[PDB]
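Participant: Before I ask anything, let me first share the structure, which is written out below as structure tokens.
2 protein chains.
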Amino acid sequence: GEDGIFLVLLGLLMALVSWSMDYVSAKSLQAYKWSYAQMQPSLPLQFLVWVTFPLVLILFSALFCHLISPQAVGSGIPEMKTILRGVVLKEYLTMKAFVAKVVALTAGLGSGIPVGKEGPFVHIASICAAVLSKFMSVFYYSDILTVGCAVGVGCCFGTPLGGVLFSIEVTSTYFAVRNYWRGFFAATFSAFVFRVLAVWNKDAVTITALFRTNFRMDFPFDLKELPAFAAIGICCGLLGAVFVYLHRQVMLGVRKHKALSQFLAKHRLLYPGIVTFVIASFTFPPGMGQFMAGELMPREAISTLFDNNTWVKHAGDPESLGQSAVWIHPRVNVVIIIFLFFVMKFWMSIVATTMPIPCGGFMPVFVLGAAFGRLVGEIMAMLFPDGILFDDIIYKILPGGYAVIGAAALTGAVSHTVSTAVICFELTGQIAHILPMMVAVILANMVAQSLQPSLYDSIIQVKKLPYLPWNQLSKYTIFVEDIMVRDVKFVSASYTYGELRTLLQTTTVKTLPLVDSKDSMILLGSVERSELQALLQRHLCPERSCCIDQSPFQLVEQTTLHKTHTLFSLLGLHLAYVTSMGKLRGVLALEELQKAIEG
Amino acid sequence: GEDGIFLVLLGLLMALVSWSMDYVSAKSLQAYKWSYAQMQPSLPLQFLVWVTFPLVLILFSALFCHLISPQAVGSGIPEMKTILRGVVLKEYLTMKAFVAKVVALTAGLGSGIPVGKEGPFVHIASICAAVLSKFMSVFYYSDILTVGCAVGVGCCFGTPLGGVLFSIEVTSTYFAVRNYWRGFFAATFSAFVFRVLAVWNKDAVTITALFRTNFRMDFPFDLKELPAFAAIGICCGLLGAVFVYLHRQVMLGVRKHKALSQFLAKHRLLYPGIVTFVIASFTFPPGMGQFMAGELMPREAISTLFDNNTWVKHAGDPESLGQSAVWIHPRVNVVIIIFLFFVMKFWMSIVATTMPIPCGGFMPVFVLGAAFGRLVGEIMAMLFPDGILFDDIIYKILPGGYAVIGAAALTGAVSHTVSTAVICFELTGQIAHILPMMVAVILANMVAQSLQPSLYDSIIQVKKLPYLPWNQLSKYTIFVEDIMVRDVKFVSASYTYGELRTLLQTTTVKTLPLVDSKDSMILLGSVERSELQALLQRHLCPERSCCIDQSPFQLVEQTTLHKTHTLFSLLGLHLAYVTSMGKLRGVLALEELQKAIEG
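This is how it looks when you write it as structure tokens:
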């Protein structure tokens, strides 16, 4: 209702910020290609501009990473999915980092270097959620986190129900359907504003999603190449697994040597730009885009992969097609150039997300999946040139559907979900290939689940962040006896005047255990300290409402750590007062469960 | 994995049963229309066959409702959403009722009377889930219920992600994402088999969903009729609310009078068939389908409503169109016939779901929504005959999109969800109108949420079933003091030989509280009775492993009933041992919370 009105201002602001950032990104990008073309074709000088614009934007982005942001480097979803699991970092929710991130992420987005988008966008979306929650409802924690995640991804791509599925499907154990309704209304209004604002200020005609991919939708697949879809499940998951593995292969290489550690403490600025430099050394179009089509910034690149005609048959013609004219070298077969494009983007993207940058883990993987898909689609077009017959209509296959289903499959495989297929068909604009892409997505997901861990789980493992995982293993003897803390603070109601002044002057924490007597030791309830301070001081001044809430839990003192973890998971709660016979004996905290489950 | 293999046999069987039932339904239906046409046009005799086939099939269905099924009359989802909230009815999960229902539901489906499909299909899906869970994993309760719900609706309509959203979005408070993954894999394989089996035995070409609705997808909406979409939100929700209200207006009329109660105990068979009779009295095409198009069985009827051309402009021509030729009376404007169709199906469908029949609450409502949508689409086509201009292309509007978005909207409004829009676009086959249908669905949902209760909540209210609801009301003084049961059974470990033989001969229940001493009164844990029986008897025979699990909960004796309800909700648990100082004092059961929250 009126919390819906809170949500509708949230989505309005979030869509204004997203349109702003990709608008300025696209304008900087067209200015880049524009001046690059229009100065002169000078093979020293076009090389000079091809180097000197992307490295200076990435240096600018990394400067904003360094100076203003003390902790927001490498931002994304896994730290906040650890936050909603409990490990709170309020200083990491600073508004000041917010503006410090986003424009650098615009510099990240405006670069021709492959970056993701969604991750730090989800982070700033949860930032705006928390700040507006501070600003409204004065004029529930993981609820605002969850809704911020939903609004962030649905405001990236205009994909509401993919937004809410990408919000639920990993970042929880249980989930309240209230927040489902909240985030679904939020995500649909954020998606709605993002597209109509386009048709307002700029040209957009009507409301296409982003990428109208005009397929024939008349005898689409058929069911003869369908086991080929089986291959594009399993193989993608295979290679996708390797991707995550190789990311660990460089993150350990990030922090294995004292030599580069010493030189990075010596000079932090040196590391990103230079390898940006060297991948630009393989990107320059009359250098290597003769074999790479290096004049493909990724958005229009993947729009060119969704071309609804066979490029091998159009390798037979010299026709000026659309942007797919970049996909012709006049001597080299185009399967080779697609293969080289795929493998070279593949090893560049891990290096791209390696550097100390706010990096989303979705977009270049999505590009790689589209690459592999149109690869196998074009070779199946070469494999069956004949097509089939139908009533006065010869129907040959077309590789655009293969491209979009593989671009679902492989990033779903890396990301360990199925909600990626949802935003995949929602950005493709037609839902012909819906059940085969769901099949292939789940095939790749179970292969990936079998082989290698998640992307973000490997990220928090390597970054060594406090987080409770589990792998369904309850062995013989795990008991909470080396763990509980026997330091107990205590308040009684039958404590009088001097004792209560002493409690003011000796204690500091936010809420306090109330018992009957310290000799009885039995925990009874809990009272906020500051309300007691209020009652004492605002009775002291006029000189010259006591409600008792109950402790919802109690820990039987031989509980196995799996079941203890399960208890805090299903309660969604932090701490444990460990008693026998009510008499308080120990205290178990969250970080000690992590230190326990180290083994 | 191999529980996935459990799931894949489940979905294979479920899709075989669904294809079987609608195959036989369609064959009986085409035989009905076939013999009806081909005997002769005799206005007494065609009236005779028009009566005598539907009432005899409905009598047959009601006979199967009566004799074999003792409790499965009026089956659907709200009893099982009460079961997964706790109120178990194992006798209502009888396999014998299963075959006793489905063929009568086939008789329900094969009738020309408007029935739903999904509800009892969900019920038999959860039946097959439970039975296969008994059969596999010898060769977790609400998990199998939830997955059965998902498989049931996704096996109805071939709509997997709509299946899992319709499984979650009402039938829970919290939800495990494990079951999300389970049911998503299950739902996609059930949807997958349903369509490929079509292309195997019968003709199907390739894999369309059901209803390819060929729209132009080129300048689709535009954003000038978009506030008209606002109307088709709110108005539908308005009228949809009235629908649920009028259902109560007849269900009380079901059980208000002792006269019809006496005559129904006198003769139960009389009630359904005769009103079937009288709505057939308004269905006969040269009687009233001259103004109704009564020769429209509902599936091809709604396919005819998704006609991508303006029937008012084709009221200008005498052209033999497709089945839409039934939409012409040569003297009466077709807006009038659509209006009369809508209002007459509207008051017939509540009477149709009234009778003691397994009735789904989705399909005729979906028909009514499509009716209202094409109504307003045709009058907007009459309102703007000109259309707009674009580059050498004059584009006029078309009412098929209005029909499909209203057919989302109104049944989403009745059903109190948003997942209905998902299965709506997934059966339409194109996703042009995706964000406006989401907007209109949520508009109608908040109007319906504002005005009138849910369909199924009104159903369980009137049928007076034990179920804990809540309406966010925690007043001044609600306390658990008139409620707890002070009858306590007790077991000690230091009880010896004669006492343990006495415990065998005096007690009966499945698991038992273990304490230290009955004088101490403190609850310590719980042990299964039958394992103790096993240890005693299978030690007694060789004459001539004692594990202690802990009680996870304890009730502070002044807990408010809202927070008690909240405790059992978030635990998902049944009972409460109510102690002070560990010493057991009372027992609180589930039905007493319902008897409490009566006020």
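First to last, the sequence lines map onto chains A and B.
Using full-length UniProt numbering, the letters of the first sequence map in sequence onto residues 115 to 253, 262 to 591, 595 to 669, 818 to 872.
Using full-length UniProt numbering, the letters of the second sequence map in sequence onto residues 115 to 253, 262 to 591, 595 to 669, 818 to 872.
Ideal Cβ placement from N, Cα and C applies to all residues, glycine included.
#1: Taking its Cβ as the centre, do 16 or more other Cβ atoms sit within 10 Å of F484 of chain B, making it buried, or is it exposed?
#2: Taking Cβ to Cβ, would you say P588 of chain A is nearer than 8 Å to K614 of chain A?
#3: Please state whether DSSP places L637 of chain A in a helix, a strand or coil.
#4: Looking at the C-beta of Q371 of chain B, does it have a partner C-beta in chain A at a distance below 8 Å?
#5: Take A239 of chain B as the anchor and find which of B:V252, B:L223 and B:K215 has the nearest alpha-carbon.
#6: Could you work out which residues of chain A lie near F178 of chain B, taking near to mean beta carbons separated by less than 9 Å?
#7: How many angstroms separate the CA atom of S642 of chain A from the CA atom of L648 of chain A?
#8: Between the alpha carbons of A221 of chain A and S134 of chain A, how many angstroms are there, rounded?
#9: Decide yes or no for the touch test of the stretch 311-326 of chain B against the stretch 442-460 of chain B: beta carbon pairs closer than 8 Å, at least 3 of them.
#10: Determine the chain A residues that contact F120 of chain B at a beta-carbon separation under 8 Å, and present them in chain order.
#11: In chain order, what residues of the stretch 847-858 of chain A put their CB closer than 8 Å to some CB of chain B?
#12: Check whether the Cβ of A298 of chain A lies closer than 8 Å to any Cβ atom in chain B.
#13: Chain A beta carbons: is any one of them nearer than 8 Å to that of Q597 of chain B?
#14: Would you please verify whether the beta carbon of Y302 of chain A is less than 8 Å from any beta carbon of chain B?
#15: Excluding the 5 residues preceding and the 5 following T533 of chain A in the sequence, name in chain order all residues of the same chain whose CB lies nearer than 7 Å to its CB.
#16: Whose Cβ in chain B lies nearer than 7 Å to the Cβ of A313 of chain A?
#17: Is there a C-beta anywhere in chain A that falls below 8 Å from the one on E291 of chain B?
#18: Would you list, in sequence order, the uninterrupted beta strand (DSSP E) runs of no fewer than 3 residues that lie entirely inside the stretch 480-558 of chain B?
#19: What's the call for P184 of chain A, buried or exposed, on a 16-neighbour Cβ count within 10 Å?
#20: If we count the other Cβ atoms within 10 Å of its Cβ and call it buried at 16 or more, is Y524 of chain B buried or exposed?
#21: Within 10 angstroms of its Cβ, does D514 of chain B collect 16 or more other Cβ (buried), or is it exposed?
#22: Between the alpha carbons of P478 of chain B and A176 of chain B, how many angstroms are there, rounded?
#23: Quick check: what's the CA-CA separation for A402 of chain B versus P168 of chain B?
#24: With a threshold of 7 Å, establish whether the CB of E653 of chain B neighbours any heavy atom of the ligand MN.
#25: Starting from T295 of chain A, find everything on chain B with Cβ-Cβ shorter than 8 Å and list it in chain order.
#26: Return the residues of the stretch 397-412 of chain B that lie within a Cβ-Cβ distance of less than 7 Å from chain A, sorted by chain order.
#27: Using only the alpha-carbon positions, how far apart do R304 of chain A and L267 of chain A sit?
#28: Tell me which residues share the same chain as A313 of chain B and place their Cβ nearer than 6 Å to its Cβ, disregarding the 5 neighbours each side in the sequence.
#29: Please report the residue range of the beta strand (DSSP E) in which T631 of chain B lies.
#30: Assuming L157 of chain B and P408 of chain B are in contact, meaning their beta carbons sit under 8 Å apart, how far apart are those beta carbons, in whole angstroms?
#31: Looking at the structure shown, is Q384 of chain A part of a helix, part of a strand, or coil, going by DSSP?
#32: If you measure beta-carbon to beta-carbon, which residues of the stretch 556-584 of chain A are closer than 7 Å to chain B?
#33: Just checking, does the stretch 551-565 of chain B make contact with the stretch 349-357 of chain B on the three C-beta pairs under 8 Å criterion?
#34: Where does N455 of chain A land, buried or exposed, given buried means 16+ other C-beta within 10 angstroms?
#35: From which residue to which residue does the beta strand (DSSP E) around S442 of chain A run?
#36: Less than 8 Å between the beta carbons of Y622 of chain B and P192 of chain B, yes or no?
Facilitator: Let me lay it out:
#1: Burial call: buried.
#2: For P588 of chain A and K614 of chain A, no; Cβs fall outside 8 Å.
#3: Three-state DSSP puts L637 of chain A in a strand.
#4: Any Cβ of chain A closer than 8 Å to the Cβ of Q371 of chain B would place that residue at the interface, and such an atom is absent.
#5: Closest by alpha carbon: B:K215.
#6: None at all; the shortest Cβ gap to chain A is about 34 Å.
#7: Taking the straight line from one Cα to the other gives about 9 Å.
#8: Here the alpha carbon of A221 of chain A sits roughly 13 Å from the alpha carbon of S134 of chain A.
#9: Too few Cβ pairs lie closer than 8 Å, so no.
#10: Result: empty, since nearest Cβ-Cβ is about 14 Å, beyond 8 Å.
#11: Answer in chain order: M854 and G855.
#12: Chain B, which has a Cβ nearer than 8 Å to the Cβ of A298 of chain A, makes this yes.
#13: Chain A, which has no Cβ nearer than 8 Å to the Cβ of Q597 of chain B, makes this no.
#14: At a cut-off of 8 Å, the C-beta of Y302 of chain A has a neighbouring C-beta in chain B.
#15: Excluding sequence neighbours, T533 of chain A sits near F484, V487, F488, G491 and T542.
#16: Think of a sphere of 7 Å around the beta carbon of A313 of chain A: the chain B residues whose beta carbon falls inside it are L557, in chain order.
#17: True, the Cβ-Cβ gap to chain A drops below 8 Å.
#18: Taken in chain order, the whole beta strand (DSSP E) runs of length 3 or more contained in the stretch 480-558 of chain B are 510-512 and 515-517.
#19: By the 10 Å Cβ count, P184 of chain A comes out exposed.
#20: Residue burial annotation: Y524 of chain B is buried, with at least 16 other C-beta atoms found within 10 angstroms of its C-beta.
#21: Classification of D514 of chain B: exposed, given that the 10 Å Cβ count is below 16.
#22: Approximately 7 Å between the Cα atoms of the pair.
#23: Across the structure, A402 of chain B and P168 of chain B are spaced so that their CA atoms are roughly 8 Å apart.
#24: This structure simply doesn't include the ligand MN, nor any ligand for that matter.
#25: Per Cβ cutoff of 8 Å: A298 and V299.
#26: Here the close residues number zero.
#27: Going by the C-alpha atoms only, they are around 12 Å apart.
#28: Non-local beta-carbon contacts of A313 of chain B in its own chain, meaning distances under 6 Å to residues more than five positions away in sequence, involve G276, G280 and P282 in chain order.
#29: For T631 of chain B, there is no enclosing beta strand (DSSP E); the enclosing alpha helix (DSSP H) has its first and last residue at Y622 to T631.
#30: With 8 Å as the limit, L157 of chain B and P408 of chain B qualify as a contact, their Cβ atoms being about 7 Å apart.
#31: Residue state, collapsed to three classes: helix.
#32: Here the close residues are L557, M560, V561 and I564.
#33: Yes, since at least three Cβ pairs between the stretch 551-565 of chain B and the stretch 349-357 of chain B fall closer than 8 Å, the two stretches touch.
#34: With fewer than 16 other Cβ atoms within 10 Å, it is exposed.
#35: It is not in any beta strand (DSSP E) - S442 of chain A carries neither H nor E in the DSSP assignment.
#36: It is not a contact, given that the beta carbons lie outside the stated cut-off.
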